[PDB]
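Let's start with one chain on its own, the form deposited without its partner chain, as structure tokens.
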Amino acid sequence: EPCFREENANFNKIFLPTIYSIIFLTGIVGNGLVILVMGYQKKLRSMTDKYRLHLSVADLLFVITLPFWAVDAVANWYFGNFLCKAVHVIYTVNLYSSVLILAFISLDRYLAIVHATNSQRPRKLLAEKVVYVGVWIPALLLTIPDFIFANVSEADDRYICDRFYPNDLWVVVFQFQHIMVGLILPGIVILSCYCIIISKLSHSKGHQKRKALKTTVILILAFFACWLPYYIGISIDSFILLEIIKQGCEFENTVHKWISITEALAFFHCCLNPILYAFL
């Protein structure tokens, strides 16, 4: 039996737009400046800069989308139907593309350090062609469900832009797929690559070969640190869905609020990328 009394808190209606607007401004300015400096001009000296440019493009699209999130968080979504689908589409594109870009950065680091003897053609070919196919096509393929399912439906004057499925089985399947492709699958690749790099990092002593990984590792740990609590919340909610953590109706509201605040902090990570790009 579904519960009731689900509504947004008064403090949240003012706290969330502040976060969204700060992320709006910071992300737009930083990503635009990074794109202008890197792509338009000639500043790509290393191979990580191209992946960082892809990251900047995805983050710029998402932060452009954000003001609709900020407006919706206050009162409601009652300004169209196609805009809900569009917002969900860029959301999913950025969400599934940033992690794959990070995994490609880790793979490039592994190929550059472990097989430094003769590997420049593999790195170049992988970089160009595989980043295009591997990092983008799957993002669109996972946005495919967004076109079909995203919609806005009112329920006694309650207009919500929310993905709707005929049954809860679709809900749990898609949440588990989100977890698997967002955290577990690329996390294993990143961990394996960096562990092998660390094991092989026992030649001569500290040098540029040892200090070249600092920026990449800081970026990766920051990206995953701002995302972990949201993943924990959604995993707990999905477990509640399959009659495993049945504990009453007062747990679902708490986990939902956890999910919302942690989504806001993930968008904070989306802004945190160019900030890391500033310090150098």
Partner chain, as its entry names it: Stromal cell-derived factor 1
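Residue numbers count along the first chain shown, from 1. Heads up, when I say rigid core I mean the largest set of C-alphas that superpose within 1.5 Å between the two forms.
Form solved in complex with its partner chain: not shown, discussed below.
**Q** Honest question, do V181, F223 and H269 all end up within 4.5 Å of its partner chain in the deposited complex by heavy atom distance?
**A** No: no residue has a heavy atom within 4.5 Å of the partner.
**Q** What stretch, of 97-105, 152-160, 133-141, 111-119, brings heavy atoms to within 4.5 Å of its partner chain in the deposited complex?
**A** Correct option: 152-160.
**Q** Work out which of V189, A127, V171, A86 lies within 4.5 Å of its partner chain in the deposited complex, going by heavy atoms.
**A** After the contact test, the surviving option is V171.
**Q** Only one of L219, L55, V63, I234 gets a heavy atom within 4.5 Å of its partner chain in the deposited complex. Which one?
**A** Selected residue: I234.
**Q** Counting only non-hydrogen atoms and a 4.5 angstroms cut-off, does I240 reach its partner chain in the deposited complex?
**A** It does: once its partner chain is placed as it appears in the deposited complex, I240 has a heavy atom within 4.5 Å of it.
**Q** Quick check on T48: any heavy atom within 4.5 Å of its partner chain in the deposited complex?
**A** Heavy-atom contact with its partner chain at 4.5 Å: absent for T48.
**Q** In the deposited complex, is there a heavy atom of its partner chain that lies within 4.5 Å of any heavy atom of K211, even though the partner is absent here?
**A** It does not: once its partner chain is placed as it appears in the deposited complex, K211 has no heavy atom within 4.5 Å of it.
**Q** Is there a non-hydrogen atom of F164 within 4.5 angstroms of a non-hydrogen atom of its partner chain in the deposited complex?
**A** Flag for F164 set to yes.
**Q** Let me spell it out: fit the two forms on their rigid core, measure each listed C-alpha, and pick the one of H115, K200, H207, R121 that moves 2 Å or more between this form and the one not shown. Which is it?
**A** Per the superposition, the moving residue is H207.
**Q** Once you overlay the rigid core, does the Cα of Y159 travel 2 Å or further between this form and the one not shown?
**A** After core superposition, the C-alpha of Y159 moves 2 Å or more between this form and the one not shown.
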